[PDB]
Amino acid sequence: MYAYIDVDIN
Amino acid sequence: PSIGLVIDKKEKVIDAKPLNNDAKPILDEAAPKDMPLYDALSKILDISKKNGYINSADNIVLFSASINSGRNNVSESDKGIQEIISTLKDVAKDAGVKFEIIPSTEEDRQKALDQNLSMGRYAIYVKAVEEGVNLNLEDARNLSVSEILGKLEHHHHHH
């Protein structure tokens with residue numbers, strides 16, 4: 011585990 | 058689509074979490090698990106425009122990234138998050154989408170999941186709520202990224 015990328019579309 | 062891509066020290070997505078139910082069909086077709094950050098993130102964008110969640114004429118994609126310390130060394134994650142940021146925007150250029158990148162904190166990460174939001178949606182929710190833009194968690198569940206950003210543009214009052 012290193013990074014969390016939370017992506018928001020719409 | 059609200060997605061969380063959990064990557065490891067080799068930038069590949071070990072597991073993808075849907076923070077919102079509309080992300081599940083996207084992740085299905087994307088299959089970002091065992092996929093490097095560049096292709097994985099590109100899939101999330103690609104699949105969302107194909108499913109009609111965003112249109113290419115106006116697509117602001119929000120990216121928030123937090124380094125949850127599974128790697129640190131001593132001063133790694135400082136420049137490491139920059140390798141993340143540069144990839145987030147590079148994939149946005151790949152897809153031909155507009156972007157807003159708000160780097161998250163680990164504290165912010167656990168607040169996001171507690172609010173039932175992705176860190177992206179939450180990062181800008183917490184911005185807007187400070188700006189004097191009245192957001193409810195239900196409004197954050199429902200309103201689009203372009204709606205939230207547009208409100209910051211016309212009503213900016215805080216740092």
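Chains as they are written, first to last, in our numbering: chain W, 11 to 20; chain R, 58 to 216. The C-beta atom is built at its ideal place from N, Cα and C for all residues, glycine as well.
By alpha-carbon positions, which one of the options ends up nearest to residue i?
i	options	result
R:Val118	R:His211, R:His214, R:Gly207	R:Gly207
R:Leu94	R:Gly109, R:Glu86, R:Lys146	R:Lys146
R:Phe156	R:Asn116, R:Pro75, R:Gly109	R:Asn116
R:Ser175	R:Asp72, R:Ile71, R:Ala80, R:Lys69	R:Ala80
R:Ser203	R:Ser113, R:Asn77, R:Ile104, R:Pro75	R:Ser113
R:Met92	R:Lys150, R:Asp72, R:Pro82, R:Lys106	R:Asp72
R:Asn173	R:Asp135, R:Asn77, R:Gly61	R:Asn77
R:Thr144	R:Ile205, R:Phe120, R:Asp85	R:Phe120
R:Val190	R:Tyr179, R:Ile205, R:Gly177	R:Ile205
R:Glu86	R:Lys69, R:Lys107, R:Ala180	R:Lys107
W:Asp18	R:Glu195, R:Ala180, R:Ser132	R:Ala180
W:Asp16	R:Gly109, R:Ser134, R:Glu163, R:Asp196	R:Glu163
Leaving out five residues on either side along the sequence, give the residues of the same chain with a beta carbon under 7 Å from the beta carbon of residue i.
i	result
R:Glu188	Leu209, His212, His213, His214, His215
R:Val154	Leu102, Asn116, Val118
R:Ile111	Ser105
Within its chain, find whatever has a CB closer than 6 Å to the CB of residue i; leave out the 5 residues flanking it on each side and keep chain order.
i	result
R:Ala88	none
R:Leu200	none
R:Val70	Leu62, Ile64, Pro89, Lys90, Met92, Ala97
Quick one, are the C-beta atoms of residue i and residue j less than 8 Å apart?
i	j	result
R:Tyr182	R:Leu192	yes
R:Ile142	R:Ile159	no
W:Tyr14	R:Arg166	yes
R:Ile104	R:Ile83	yes
For residue i, which residues of its own chain have a beta-carbon under 8 Å away from its beta-carbon, when the five flanking residues on both sides are left out?
i	result
R:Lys184	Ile159, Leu209
R:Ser99	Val148, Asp151, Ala152
R:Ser59	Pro75, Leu76, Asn77, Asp79, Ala80, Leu174, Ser175, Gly177, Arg178
R:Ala122	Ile138, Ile141, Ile142, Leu145, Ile158, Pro160, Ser161, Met176
R:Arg198	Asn77, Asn173, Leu174
R:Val186	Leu192
* Write down every uninterrupted run of the alpha helix (DSSP H) in the region 156-214 of chain R whose length is 4 residues or greater and which is fully enclosed by it, in chain order. => For the region 156-214 of chain R, whole alpha helix (DSSP H) runs of length 4 or above, ordered along the chain, are 163-172, 176-188, 194-199, 202-211.
* Do the region 59-71 of chain R and the region 126-145 of chain R make contact, defined as three or more Cβ pairs closer than 8 Å? -> yes
* Asked: Which ranges would you report for the beta strand (DSSP E) in the region 84-125 of chain R if only whole runs of at least 3 residues count?
  -> Annotation note: the region 84-125 of chain R contains the following uninterrupted beta strand (DSSP E) runs of length 3 or greater, listed N- to C-terminal: 117-124.
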